[PDB]
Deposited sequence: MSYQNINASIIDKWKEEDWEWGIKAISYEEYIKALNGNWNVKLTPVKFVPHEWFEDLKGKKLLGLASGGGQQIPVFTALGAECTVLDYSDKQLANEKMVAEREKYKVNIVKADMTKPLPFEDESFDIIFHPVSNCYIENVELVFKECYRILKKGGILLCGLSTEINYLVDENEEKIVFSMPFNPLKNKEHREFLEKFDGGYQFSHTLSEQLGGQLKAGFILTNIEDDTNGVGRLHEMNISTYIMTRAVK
């Protein structure tokens, strides 16, 4: 089994309400790239008629909202259950959505200049190398297209469950380090990877993107969140 298939099966082992979809149709909406903050509405521009890709954004959480606002949406995920939740909500609200099962560690199955916007919430913590994913995002966006990302860092991988003593040496890589794989095994964590700023932000620059907004967020729950420690990045970039 590939580590990506192991991750999907763990996610499968573990959706927007009808009322919330109704609110979105009435103009009342908010989505997240990271655990706490809502994405400023201006980052998306006008979505009516825009082609949107939810990159590892399944579960029937954000795509139903973008669909209610008029976007023609495609959702890519490697978890069958995340994809099933997207289909369940599409059926409940009688809307069309292009559901694609695919591993984002590999080339994306779309043509060049196919999308106006890519919505990529926290998810690349499940893949080892992110630079190739950002180059693919650049290829499939049209000129002037928008990439919005939620991005993990190193801090959450420095600590153990006590969220206090710094115990792990970086990078956190369970493919390469027995100690990191063993820690995840105590909590059924699968294969998760720390990533540096050279990866999460420099990877977008190397692909050609112009970064326009960079903001911080916290975990939403737990000790590091209560201490107001910034553990995630929210980014907007344009091609």
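Residues of the deposited sequence lacking C-alpha coordinates, counted from 1, fall in a single stretch, 15-24.
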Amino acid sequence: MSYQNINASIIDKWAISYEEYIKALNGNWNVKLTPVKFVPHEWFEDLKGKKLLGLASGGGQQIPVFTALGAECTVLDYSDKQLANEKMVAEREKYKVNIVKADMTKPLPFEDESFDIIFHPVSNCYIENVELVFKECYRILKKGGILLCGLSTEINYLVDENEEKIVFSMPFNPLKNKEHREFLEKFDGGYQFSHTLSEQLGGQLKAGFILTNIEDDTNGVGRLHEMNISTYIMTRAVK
From here on, numbers count along this sequence of modelled residues.
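Judged by mean Cα B factor in the deposited record, 95-103 ranks above the other of 116-124 and 95-103. Higher average CA B factor: 106-114, of the stretches 131-139 and 106-114.
When the C-alpha B factors of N213, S198, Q61, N30 are read from the deposited coordinates, the top value falls at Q61. Going by the entry's values, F187 shows the largest Cα B-factor out of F187, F66, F193, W43. Compared with the other modelled residues of the chain, the Cα B-factor recorded for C149 ranks in the lowest third. Per the PDB record, residue ranking by Cα B-factor puts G202 in the lowest third of the chain. Per the deposited record, the Cα B-factor of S79 falls in the highest third when ranked against the other modelled residues of its chain. Ranked by Cα temperature factor within the chain, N85 sits in the highest third according to the deposited record. Among all modelled residues in this chain, the alpha-carbon of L25 has a temperature factor (C-alpha) in the middle third.
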